[PDB]
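A.B. asks: structure.cif is the file, holding mmCIF, C-alpha atoms and all ligand atoms:
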data_my_file
loop_
_atom_site.label_atom_id
_atom_site.label_comp_id
_atom_site.auth_asym_id
_atom_site.auth_seq_id
_atom_site.Cartn_x
_atom_site.Cartn_y
_atom_site.Cartn_z
CA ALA A 407 -85.75 -106.37 -25.88
CA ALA A 408 -86.38 -109.56 -23.88
CA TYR A 409 -88.44 -111.36 -26.60
CA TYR A 410 -88.12 -111.57 -30.41
CA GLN A 411 -90.34 -113.07 -33.09
CA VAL A 412 -89.24 -114.99 -36.20
CA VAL A 413 -90.03 -113.06 -39.41
CA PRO A 414 -89.21 -115.44 -42.34
CA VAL A 415 -91.04 -118.74 -43.11
CA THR A 416 -88.32 -120.53 -41.11
CA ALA A 417 -85.11 -119.35 -39.47
CA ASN A 418 -82.06 -121.32 -38.31
CA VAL A 419 -80.67 -121.57 -34.79
CA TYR A 420 -76.88 -121.79 -34.65
CA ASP A 421 -74.20 -122.73 -32.12
CA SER A 422 -71.26 -120.45 -31.17
CA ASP A 423 -69.21 -121.97 -34.13
CA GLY A 424 -71.96 -120.91 -36.62
CA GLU A 425 -73.10 -124.55 -37.12
CA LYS A 426 -76.85 -125.10 -37.65
CA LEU A 427 -78.52 -126.79 -34.63
CA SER A 428 -82.17 -126.56 -35.74
CA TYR A 429 -84.78 -124.34 -37.44
CA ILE A 430 -87.98 -122.70 -36.14
CA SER A 431 -91.19 -121.42 -37.73
CA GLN A 432 -92.36 -117.93 -38.66
CA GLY A 433 -94.07 -116.22 -35.67
CA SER A 434 -92.10 -118.28 -33.09
CA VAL A 435 -91.11 -116.22 -30.02
CA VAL A 436 -87.56 -116.61 -28.68
CA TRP A 437 -86.14 -115.35 -25.35
CA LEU A 438 -82.98 -113.26 -25.12
CA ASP A 439 -80.43 -115.21 -23.03
CA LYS A 440 -78.72 -112.58 -20.81
CA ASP A 441 -76.04 -115.12 -19.66
CA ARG A 442 -74.38 -115.23 -23.14
CA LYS A 443 -72.97 -112.43 -25.32
CA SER A 444 -75.14 -110.94 -28.12
CA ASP A 445 -73.89 -108.46 -30.75
CA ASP A 446 -75.31 -106.45 -33.69
CA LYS A 447 -75.40 -109.52 -36.00
CA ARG A 448 -76.48 -112.37 -33.70
CA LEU A 449 -78.54 -112.71 -30.52
CA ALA A 450 -78.04 -115.38 -27.87
CA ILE A 451 -81.56 -116.86 -27.51
CA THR A 452 -83.44 -119.79 -26.01
CA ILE A 453 -86.41 -121.61 -27.59
CA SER A 454 -88.06 -124.96 -26.70
CA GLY A 455 -85.09 -126.17 -24.61
CA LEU A 456 -82.45 -125.02 -27.14
CA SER A 457 -79.86 -122.33 -26.28
CA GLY A 458 -78.11 -120.96 -29.36
CA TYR A 459 -77.80 -117.95 -31.62
CA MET A 460 -80.03 -116.37 -34.24
CA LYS A 461 -79.34 -113.73 -36.89
CA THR A 462 -80.88 -110.34 -36.02
CA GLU A 463 -81.93 -110.26 -39.74
CA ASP A 464 -84.49 -113.05 -38.98
CA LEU A 465 -86.01 -111.39 -35.85
CA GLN A 466 -88.33 -108.56 -34.74
CA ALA A 467 -88.34 -107.25 -31.14
CA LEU A 468 -91.63 -107.58 -29.19
CA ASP A 469 -93.13 -105.54 -26.31
CA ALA A 470 -94.64 -108.04 -23.79
CA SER A 471 -97.15 -105.40 -22.54
CA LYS A 472 -98.95 -105.44 -25.95
CA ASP A 473 -97.61 -108.31 -28.17
CA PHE A 474 -98.47 -112.00 -27.62
CA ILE A 475 -95.75 -113.99 -25.75
CA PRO A 476 -96.46 -117.75 -25.25
CA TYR A 477 -97.27 -118.62 -21.64
CA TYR A 478 -98.65 -121.44 -19.48
CA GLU A 479 -101.76 -121.22 -17.25
CA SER A 480 -103.77 -123.57 -15.00
CA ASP A 481 -107.60 -123.76 -14.83
CA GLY A 482 -107.24 -125.73 -11.52
CA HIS A 483 -107.46 -129.11 -13.35
CA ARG A 484 -104.92 -128.98 -16.24
CA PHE A 485 -101.98 -126.75 -17.08
CA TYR A 486 -102.19 -125.33 -20.60
CA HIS A 487 -99.58 -123.93 -22.98
CA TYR A 488 -100.85 -120.95 -25.00
CA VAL A 489 -98.72 -121.67 -28.11
CA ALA A 490 -100.63 -118.86 -29.98
CA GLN A 491 -102.93 -116.05 -28.80
CA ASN A 492 -106.08 -118.16 -29.58
CA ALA A 493 -104.75 -121.72 -29.15
CA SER A 494 -103.92 -123.68 -25.98
CA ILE A 495 -102.94 -127.30 -25.34
CA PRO A 496 -103.11 -129.26 -22.07
CA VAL A 497 -99.59 -130.39 -21.05
CA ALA A 498 -99.94 -131.56 -17.43
CA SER A 499 -102.26 -131.91 -14.43
CA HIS A 500 -102.68 -128.92 -12.07
CA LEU A 501 -100.05 -128.79 -9.20
CA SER A 502 -100.93 -127.11 -5.83
CA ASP A 503 -97.97 -124.71 -6.45
CA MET A 504 -99.83 -123.22 -9.51
CA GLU A 505 -102.08 -120.16 -8.93
CA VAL A 506 -105.23 -120.55 -11.12
CA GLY A 507 -105.46 -117.93 -13.92
CA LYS A 508 -101.83 -116.69 -13.42
CA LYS A 509 -99.59 -116.59 -16.53
CA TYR A 510 -96.31 -118.54 -16.16
CA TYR A 511 -93.28 -118.35 -18.50
CA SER A 512 -90.80 -121.18 -19.30
CA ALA A 513 -88.23 -121.70 -22.10
CA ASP A 514 -88.78 -125.51 -22.01
CA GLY A 515 -92.26 -126.10 -20.47
CA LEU A 516 -90.60 -128.23 -17.73
CA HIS A 517 -88.74 -125.76 -15.44
CA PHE A 518 -90.80 -122.97 -13.83
CA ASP A 519 -89.49 -120.76 -11.03
CA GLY A 520 -91.80 -122.41 -8.36
CA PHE A 521 -92.47 -125.94 -9.72
CA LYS A 522 -91.17 -128.55 -12.19
CA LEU A 523 -93.28 -130.48 -14.73
CA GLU A 524 -92.96 -134.03 -15.82
CA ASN A 525 -94.06 -134.35 -19.43
CA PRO A 526 -93.37 -138.09 -19.67
CA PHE A 527 -94.88 -138.62 -23.17
CA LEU A 528 -92.51 -135.92 -24.52
CA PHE A 529 -89.44 -138.06 -23.61
CA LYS A 530 -90.93 -141.60 -23.79
CA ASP A 531 -88.99 -144.13 -25.93
CA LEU A 532 -91.22 -144.52 -29.01
CA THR A 533 -89.90 -148.08 -29.67
CA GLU A 534 -91.87 -149.35 -26.61
CA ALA A 535 -95.38 -150.62 -27.60
CA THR A 536 -98.61 -149.11 -26.22
CA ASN A 537 -100.68 -151.16 -23.78
CA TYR A 538 -103.83 -150.23 -25.78
CA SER A 539 -105.38 -152.86 -28.05
CA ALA A 540 -106.69 -152.09 -31.56
CA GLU A 541 -110.26 -152.07 -30.16
CA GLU A 542 -109.31 -149.59 -27.37
CA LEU A 543 -107.63 -147.23 -29.87
CA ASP A 544 -110.80 -147.40 -32.06
CA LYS A 545 -112.90 -146.26 -29.04
CA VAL A 546 -111.07 -142.86 -28.91
CA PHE A 547 -113.00 -141.55 -31.95
CA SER A 548 -116.36 -141.68 -30.07
CA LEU A 549 -114.82 -140.56 -26.73
CA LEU A 550 -113.19 -137.39 -28.25
CA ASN A 551 -116.12 -136.71 -30.70
CA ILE A 552 -113.88 -137.19 -33.81
CA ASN A 553 -116.20 -137.21 -36.85
CA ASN A 554 -115.48 -137.93 -40.56
CA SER A 555 -111.91 -139.20 -39.88
CA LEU A 556 -110.10 -141.45 -42.41
CA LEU A 557 -108.42 -143.05 -39.32
CA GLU A 558 -111.72 -144.27 -37.77
CA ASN A 559 -111.66 -148.09 -37.28
CA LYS A 560 -107.90 -148.24 -38.20
CA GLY A 561 -106.73 -149.36 -34.71
CA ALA A 562 -105.82 -152.76 -36.20
CA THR A 563 -103.59 -151.08 -38.85
CA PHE A 564 -101.88 -148.91 -36.18
CA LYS A 565 -101.22 -152.07 -34.09
CA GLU A 566 -99.89 -153.90 -37.23
CA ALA A 567 -97.53 -150.95 -37.87
CA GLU A 568 -96.39 -151.17 -34.23
CA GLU A 569 -95.87 -154.99 -34.46
CA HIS A 570 -93.87 -154.78 -37.72
CA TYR A 571 -91.80 -151.56 -37.29
CA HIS A 572 -91.55 -151.47 -33.42
CA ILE A 573 -93.06 -147.96 -33.12
CA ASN A 574 -95.63 -147.10 -30.38
CA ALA A 575 -99.17 -147.16 -31.86
CA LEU A 576 -100.52 -144.55 -29.39
CA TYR A 577 -97.78 -142.21 -30.66
CA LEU A 578 -98.62 -143.08 -34.29
CA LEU A 579 -102.32 -142.29 -33.68
CA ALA A 580 -101.45 -139.02 -31.84
CA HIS A 581 -98.93 -137.94 -34.54
CA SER A 582 -101.49 -138.56 -37.34
CA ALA A 583 -104.19 -136.84 -35.23
CA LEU A 584 -102.11 -133.69 -34.80
CA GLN A 585 -100.43 -133.47 -38.16
CA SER A 586 -103.48 -134.21 -40.36
CA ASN A 587 -106.39 -133.06 -38.14
CA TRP A 588 -107.35 -136.71 -37.47
CA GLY A 589 -107.00 -137.63 -41.16
CA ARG A 590 -109.23 -134.73 -42.33
CA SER A 591 -106.64 -132.35 -43.90
CA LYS A 592 -106.44 -131.91 -47.68
CA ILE A 593 -102.99 -133.72 -47.67
CA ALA A 594 -104.74 -136.64 -45.74
CA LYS A 595 -107.68 -136.90 -48.14
CA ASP A 596 -105.79 -136.30 -51.44
CA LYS A 597 -102.45 -138.08 -50.65
CA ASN A 598 -103.36 -140.63 -47.79
CA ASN A 599 -100.54 -138.78 -45.98
CA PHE A 600 -101.52 -138.47 -42.28
CA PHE A 601 -98.04 -137.65 -40.90
CA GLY A 602 -96.94 -134.61 -42.95
CA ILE A 603 -94.30 -136.80 -44.68
CA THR A 604 -92.01 -134.34 -46.68
CA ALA A 605 -94.70 -131.59 -46.19
CA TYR A 606 -91.95 -128.88 -46.16
CA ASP A 607 -92.88 -125.40 -44.81
CA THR A 608 -92.07 -123.71 -48.19
CA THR A 609 -94.68 -125.79 -50.17
CA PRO A 610 -96.38 -128.23 -47.76
CA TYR A 611 -99.12 -129.64 -50.06
CA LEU A 612 -96.94 -129.95 -53.22
CA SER A 613 -93.90 -131.44 -51.39
CA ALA A 614 -95.97 -133.96 -49.27
CA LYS A 615 -95.41 -137.63 -50.23
CA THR A 616 -98.28 -139.62 -51.86
CA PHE A 617 -99.48 -143.07 -50.52
CA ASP A 618 -101.77 -145.54 -52.34
CA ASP A 619 -104.59 -145.97 -49.70
CA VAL A 620 -105.28 -145.40 -45.93
CA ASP A 621 -103.63 -148.66 -44.75
CA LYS A 622 -100.53 -148.20 -47.00
CA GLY A 623 -100.44 -144.57 -45.78
CA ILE A 624 -100.29 -145.69 -42.12
CA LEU A 625 -97.74 -148.49 -42.81
CA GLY A 626 -95.68 -146.40 -45.29
CA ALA A 627 -95.49 -143.40 -42.97
CA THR A 628 -94.48 -145.69 -40.09
CA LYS A 629 -91.71 -147.21 -42.28
CA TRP A 630 -90.53 -143.66 -43.20
CA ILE A 631 -90.47 -142.55 -39.53
CA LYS A 632 -88.58 -145.72 -38.53
CA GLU A 633 -85.93 -145.33 -41.26
CA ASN A 634 -85.45 -141.52 -41.13
CA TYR A 635 -85.87 -140.87 -37.34
CA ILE A 636 -85.93 -143.95 -35.03
CA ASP A 637 -83.04 -145.78 -36.78
CA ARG A 638 -81.00 -142.49 -36.78
CA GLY A 639 -81.28 -142.11 -32.96
CA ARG A 640 -84.34 -139.79 -32.75
CA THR A 641 -86.39 -142.07 -30.48
CA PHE A 642 -88.64 -139.61 -28.55
CA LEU A 643 -90.71 -136.54 -29.47
CA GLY A 644 -88.63 -133.94 -27.61
CA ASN A 645 -88.11 -130.27 -28.43
CA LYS A 646 -85.61 -128.07 -30.26
CA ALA A 647 -82.67 -129.44 -28.19
CA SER A 648 -83.20 -133.21 -28.71
CA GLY A 649 -85.65 -135.76 -30.11
CA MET A 650 -87.62 -135.89 -33.35
CA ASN A 651 -88.67 -132.21 -33.02
CA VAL A 652 -85.09 -131.05 -33.80
CA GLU A 653 -85.51 -132.00 -37.51
CA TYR A 654 -89.11 -133.19 -38.03
CA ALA A 655 -90.96 -129.84 -37.83
CA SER A 656 -90.18 -126.10 -37.67
CA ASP A 657 -92.88 -125.71 -34.98
CA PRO A 658 -90.94 -125.54 -31.65
CA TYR A 659 -93.93 -127.14 -29.87
CA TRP A 660 -94.63 -129.99 -32.36
CA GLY A 661 -93.42 -132.56 -29.81
CA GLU A 662 -95.38 -130.99 -26.96
CA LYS A 663 -98.55 -130.97 -29.16
CA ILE A 664 -98.23 -134.71 -29.99
CA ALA A 665 -97.47 -135.52 -26.31
CA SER A 666 -100.61 -133.54 -25.34
CA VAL A 667 -102.76 -135.66 -27.71
CA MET A 668 -101.17 -138.84 -26.28
CA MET A 669 -101.98 -137.52 -22.76
CA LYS A 670 -105.66 -136.80 -23.77
CA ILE A 671 -106.13 -140.21 -25.45
CA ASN A 672 -104.45 -142.05 -22.52
CA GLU A 673 -106.78 -140.34 -19.99
CA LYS A 674 -109.93 -141.17 -22.05
CA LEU A 675 -108.88 -144.86 -22.39
CA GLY A 676 -108.16 -145.42 -18.63
CA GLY A 677 -104.46 -144.54 -18.08
CA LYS A 678 -102.89 -147.89 -19.19
CA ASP A 679 -99.74 -146.17 -20.57
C1 LIG B 701 -102.45 -125.74 -30.79
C2 LIG B 701 -102.31 -127.00 -31.58
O1 LIG B 701 -102.27 -128.16 -31.12
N1 LIG B 701 -102.29 -126.75 -32.88
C3 LIG B 701 -102.51 -127.84 -33.84
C4 LIG B 701 -101.72 -127.63 -35.13
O2 LIG B 701 -100.34 -127.64 -34.83
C5 LIG B 701 -102.05 -128.67 -36.22
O3 LIG B 701 -101.49 -128.33 -37.51
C6 LIG B 701 -100.27 -128.97 -37.84
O4 LIG B 701 -99.21 -128.26 -37.24
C7 LIG B 701 -97.96 -128.93 -37.47
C8 LIG B 701 -96.89 -128.29 -36.62
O5 LIG B 701 -97.25 -128.48 -35.28
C9 LIG B 701 -97.55 -128.93 -38.95
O6 LIG B 701 -96.26 -129.62 -39.05
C10 LIG B 701 -95.51 -129.47 -40.31
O7 LIG B 701 -95.04 -130.78 -40.64
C11 LIG B 701 -93.99 -131.06 -41.56
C12 LIG B 701 -93.52 -132.49 -41.15
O8 LIG B 701 -93.39 -132.30 -39.75
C13 LIG B 701 -92.81 -130.13 -41.41
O9 LIG B 701 -91.96 -130.34 -42.54
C14 LIG B 701 -90.53 -130.14 -42.44
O10 LIG B 701 -90.17 -129.03 -43.26
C15 LIG B 701 -88.78 -128.73 -43.23
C16 LIG B 701 -88.54 -127.52 -44.10
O11 LIG B 701 -89.17 -126.38 -43.54
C17 LIG B 701 -87.90 -129.88 -43.68
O12 LIG B 701 -86.54 -129.49 -43.48
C18 LIG B 701 -85.87 -129.42 -44.72
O13 LIG B 701 -85.69 -130.75 -45.19
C19 LIG B 701 -84.92 -130.82 -46.39
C20 LIG B 701 -84.75 -132.29 -46.82
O14 LIG B 701 -84.41 -133.16 -45.73
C21 LIG B 701 -83.57 -130.11 -46.20
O15 LIG B 701 -82.86 -130.12 -47.44
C22 LIG B 701 -83.75 -128.66 -45.72
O16 LIG B 701 -82.56 -127.93 -45.38
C23 LIG B 701 -84.60 -128.63 -44.46
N2 LIG B 701 -84.87 -127.25 -44.04
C24 LIG B 701 -84.52 -126.72 -42.88
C25 LIG B 701 -84.92 -125.29 -42.74
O17 LIG B 701 -83.93 -127.34 -42.03
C26 LIG B 701 -88.26 -131.14 -42.90
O18 LIG B 701 -87.61 -132.25 -43.46
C27 LIG B 701 -86.92 -133.00 -42.47
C28 LIG B 701 -85.60 -132.31 -42.12
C29 LIG B 701 -86.66 -134.36 -43.03
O19 LIG B 701 -86.45 -134.51 -44.27
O20 LIG B 701 -86.64 -135.30 -42.21
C30 LIG B 701 -89.76 -131.41 -42.89
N3 LIG B 701 -90.03 -132.61 -42.10
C31 LIG B 701 -90.44 -133.73 -42.72
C32 LIG B 701 -90.72 -134.87 -41.78
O21 LIG B 701 -90.59 -133.80 -43.95
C33 LIG B 701 -93.22 -128.67 -41.15
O22 LIG B 701 -92.07 -127.98 -40.56
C34 LIG B 701 -94.33 -128.55 -40.09
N4 LIG B 701 -94.79 -127.14 -39.96
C35 LIG B 701 -94.56 -126.48 -38.82
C36 LIG B 701 -95.01 -125.03 -38.75
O23 LIG B 701 -94.02 -127.05 -37.94
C37 LIG B 701 -98.72 -129.55 -39.75
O24 LIG B 701 -98.46 -129.35 -41.13
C38 LIG B 701 -98.99 -130.36 -41.97
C39 LIG B 701 -97.87 -131.26 -42.47
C40 LIG B 701 -99.67 -129.67 -43.10
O25 LIG B 701 -99.12 -128.57 -43.45
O26 LIG B 701 -100.76 -130.14 -43.61
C41 LIG B 701 -100.09 -128.99 -39.36
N5 LIG B 701 -101.21 -129.64 -40.00
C42 LIG B 701 -102.25 -129.03 -40.61
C43 LIG B 701 -103.35 -129.96 -41.11
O27 LIG B 701 -102.31 -127.79 -40.69
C44 LIG B 701 -103.56 -128.70 -36.43
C45 LIG B 701 -104.05 -129.78 -37.40
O28 LIG B 701 -105.32 -129.36 -37.86
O29 LIG B 701 -104.21 -128.86 -35.16
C46 LIG B 701 -103.99 -127.85 -34.20
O30 LIG B 701 -104.75 -128.10 -33.03
CA CA B 702 -70.21 -127.12 -33.05
#
Before anything else, please render the file you have as structure tokens.

C.D. replies:
Amino acid sequence: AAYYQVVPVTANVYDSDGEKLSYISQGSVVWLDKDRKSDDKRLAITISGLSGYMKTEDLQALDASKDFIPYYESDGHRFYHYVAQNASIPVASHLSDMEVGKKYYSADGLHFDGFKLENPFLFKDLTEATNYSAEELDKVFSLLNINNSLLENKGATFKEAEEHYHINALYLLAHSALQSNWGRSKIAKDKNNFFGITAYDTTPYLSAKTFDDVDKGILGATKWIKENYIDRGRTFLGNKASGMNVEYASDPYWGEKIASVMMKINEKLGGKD
């Protein structure tokens, strides 16, 4: 088959030596790589920029004529990634080379047969500060109709976290928005944990770290990200080949999702970044 789906909760991706390169989530769809050798035990695959090997034990073959395969599609204004059958995210502006309503396929969301995307937020150095002020960040809640968020009116805390830890506050807002449903998930409300800190796939709620209050949750999560990712040379969102997404999340499109939120916020606030 050309496409395979991940069966267990997570599955590893390996190099030719059998060394672990990353891990990907249940239901993820990987492409068979016909330029490398597969055998009975391991398939040469590509996923979210990463070319490696997966155990056949962890995979189920798909039929693209009846099973969902992730794809990209333009509405004539934005290009969307269908990451699941009923969920899309905007990744880029429409390019004249895109046919509206045509499904496109890409192993990295950057290289397509007929055009190339820039996803600048996906590769932006997260140690560079946002050009948004605390007051501008606070405006996003009204502009994106975000109701009942624990993060409302916390722009000043995001900017303090940026000042102190040298981590982009637009990224911190977008990461908390995506990971905790704008500070409305049960982990957010119970644990003041807006960033999925130690929310492991096997037991996400139980494993998630606890913080004392909303401000200590924003500052403590920022500290944790700085010490565990930025200071260890993971300085951009990325994908399964490089960046924070290699280790931070099993979801192969975690980085693309956060970059999409950054893109949406930046457009609403006037394009300063
Ligand atoms: C279309 C769209 O936009 N959809 C949105 C939707 O995505 C939103 O929902 C949110 O989705 C997120 C994924 O995109 C999901 O992310 C989860 O987040 C945590 C943190 O990122 C992550 O946890 C990782 O788990 C692994 C284990 O599986 C750990 O790796 C282990 O670490 C051990 C110790 O270091 C090590 O011994 C083990 O060997 C290793 N295991 C493996 C297999 O390698 C990670 O630990 C790392 C390595 C570390 O210590 O640094 C751990 N990361 C961290 C930082 O702790 C999950 O993988 C990830 N899940 C997926 C599928 O990616 C959000 O989940 C949150 C946390 C939650 O469950 O509440 C999810 N949020 C919600 C609210 O559902 C959605 C929001 O509503 O919005 C949609 O629009
Ligand atoms: Ca190696």

A.B. asks: Mind pulling up the distance from CA of residue 657 (chain A) to atom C9 of ligand LIG 701 (chain B)?

C.D. replies: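 Those two atoms sit 6.9 Å apart.
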
A.B. asks: What's around region 606-622 of chain A at 9 Å? Count only C-alpha atoms, leave out sequence neighbours fewer than 6 positions away in its own chain, and write the answer as a PDB file with C-alpha atoms, in the coordinates of the input.

C.D. replies:
ATOM      1  CA  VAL A 415     -91.040-118.740 -43.110  1.00  0.00           C
ATOM      2  CA  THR A 416     -88.320-120.530 -41.110  1.00  0.00           C
ATOM      3  CA  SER A 431     -91.190-121.420 -37.730  1.00  0.00           C
ATOM      4  CA  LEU A 556    -110.100-141.450 -42.410  1.00  0.00           C
ATOM      5  CA  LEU A 557    -108.420-143.050 -39.320  1.00  0.00           C
ATOM      6  CA  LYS A 560    -107.900-148.240 -38.200  1.00  0.00           C
ATOM      7  CA  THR A 563    -103.590-151.080 -38.850  1.00  0.00           C
ATOM      8  CA  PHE A 564    -101.880-148.910 -36.180  1.00  0.00           C
ATOM      9  CA  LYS A 592    -106.440-131.910 -47.680  1.00  0.00           C
ATOM     10  CA  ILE A 593    -102.990-133.720 -47.670  1.00  0.00           C
ATOM     11  CA  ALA A 594    -104.740-136.640 -45.740  1.00  0.00           C
ATOM     12  CA  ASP A 596    -105.790-136.300 -51.440  1.00  0.00           C
ATOM     13  CA  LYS A 597    -102.450-138.080 -50.650  1.00  0.00           C
ATOM     14  CA  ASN A 598    -103.360-140.630 -47.790  1.00  0.00           C
ATOM     15  CA  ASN A 599    -100.540-138.780 -45.980  1.00  0.00           C
ATOM     16  CA  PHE A 600    -101.520-138.470 -42.280  1.00  0.00           C
ATOM     17  CA  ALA A 655     -90.960-129.840 -37.830  1.00  0.00           C
ATOM     18  CA  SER A 656     -90.180-126.100 -37.670  1.00  0.00           C
TER      19      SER A 656
END

A.B. asks: Taking all atoms listed in the file into account, which residues are within 8 Å of ligand CA 702 (chain B), as a PDB file with C-alpha atoms, keeping the file's coordinate frame?

C.D. replies:
ATOM      1  CA  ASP A 421     -74.200-122.730 -32.120  1.00  0.00           C
ATOM      2  CA  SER A 422     -71.260-120.450 -31.170  1.00  0.00           C
ATOM      3  CA  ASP A 423     -69.210-121.970 -34.130  1.00  0.00           C
ATOM      4  CA  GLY A 424     -71.960-120.910 -36.620  1.00  0.00           C
ATOM      5  CA  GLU A 425     -73.100-124.550 -37.120  1.00  0.00           C
TER       6      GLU A 425
END

A.B. asks: Pull the closest atom pair for each residue of region 563-669 of chain A that gets at most 6 Å from region 440-454 of chain A, along with the distance in Å to one decimal, counting all atoms listed in the file, ordering rows by chain and then ascending residue number, as JSON lines.

C.D. replies:
{"residue": "A:645", "atom": "CA", "partner": "A:454", "partner_atom": "CA", "distance": 5.6}
{"residue": "A:646", "atom": "CA", "partner": "A:454", "partner_atom": "CA", "distance": 5.3}
{"residue": "A:658", "atom": "CA", "partner": "A:454", "partner_atom": "CA", "distance": 5.8}

A.B. asks: Do you know which residues are at most 7 Å from residue 409 (chain A) counting all atoms listed in the file, after dropping those on the same chain fewer than 3 positions away, and could you put them as a list in words?

C.D. replies: residues 435, 436, 437, 438, 467 and 468 of chain A

A.B. asks: For residue 669 (chain A), list every protein, DNA or RNA residue within 10 Å, evaluated using all atoms listed in the file, and leave out those in the same chain fewer than 5 positions away; present the list as number ranges by chain.

C.D. replies: A: 496-498, 525-528, 576, 580, 663-664, 674, 677, 679

A.B. asks: Could you pull the residues within 9 Å of residue 642 (chain A), counting only C-alpha atoms, minus those fewer than 2 positions along the same chain, as a list in words?

C.D. replies: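 What passes the distance filter is residues 527, 528, 529, 530, 531, 532, 533, 636, 639, 640, 644, 648, 649, 650, 651 and 661 of chain A.
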
A.B. asks: For the residues in the current selection, export C-alpha atoms as a compact mmCIF listing (two decimals), in the coordinates of the input.

C.D. replies:
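As a result, again_13.txt now contains:
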# COMPACT_ATOMS: atom_id res chain seq x y z
CA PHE A 527 -94.88 -138.62 -23.17
CA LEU A 528 -92.51 -135.92 -24.52
CA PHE A 529 -89.44 -138.06 -23.61
CA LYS A 530 -90.93 -141.60 -23.79
CA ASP A 531 -88.99 -144.13 -25.93
CA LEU A 532 -91.22 -144.52 -29.01
CA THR A 533 -89.90 -148.08 -29.67
CA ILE A 636 -85.93 -143.95 -35.03
CA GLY A 639 -81.28 -142.11 -32.96
CA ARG A 640 -84.34 -139.79 -32.75
CA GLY A 644 -88.63 -133.94 -27.61
CA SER A 648 -83.20 -133.21 -28.71
CA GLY A 649 -85.65 -135.76 -30.11
CA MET A 650 -87.62 -135.89 -33.35
CA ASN A 651 -88.67 -132.21 -33.02
CA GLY A 661 -93.42 -132.56 -29.81

A.B. asks: Please provide the set of residues having any atom within 10 Å of residue 503 (chain A), restricted to all atoms listed in the file, with same-chain residues fewer than 3 positions apart removed, written as a ChimeraX atom specification.

C.D. replies: /A:500,506,520-522

A.B. asks: Emit the selected residues as a PDB file, keeping the file's coordinate frame, including C-alpha atoms.

C.D. replies:
ATOM      1  CA  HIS A 500    -102.680-128.920 -12.070  1.00  0.00           C
ATOM      2  CA  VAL A 506    -105.230-120.550 -11.120  1.00  0.00           C
ATOM      3  CA  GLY A 520     -91.800-122.410  -8.360  1.00  0.00           C
ATOM      4  CA  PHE A 521     -92.470-125.940  -9.720  1.00  0.00           C
ATOM      5  CA  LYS A 522     -91.170-128.550 -12.190  1.00  0.00           C
TER       6      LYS A 522
END

A.B. asks: Please compute the atom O26 of ligand LIG 701 (chain B)-CA of residue 578 (chain A) distance, one decimal, in Å.

C.D. replies: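 Separation between atom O26 of ligand LIG 701 (chain B) and CA of residue 578 (chain A): 16.1 Å.
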
A.B. asks: Determine the nearest neighbour of ligand LIG 701 (chain B) from the options A:515, A:626, A:433, A:482, counting all atoms listed in the file.

C.D. replies: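 Under the stated criterion, the closest residue is A:433.
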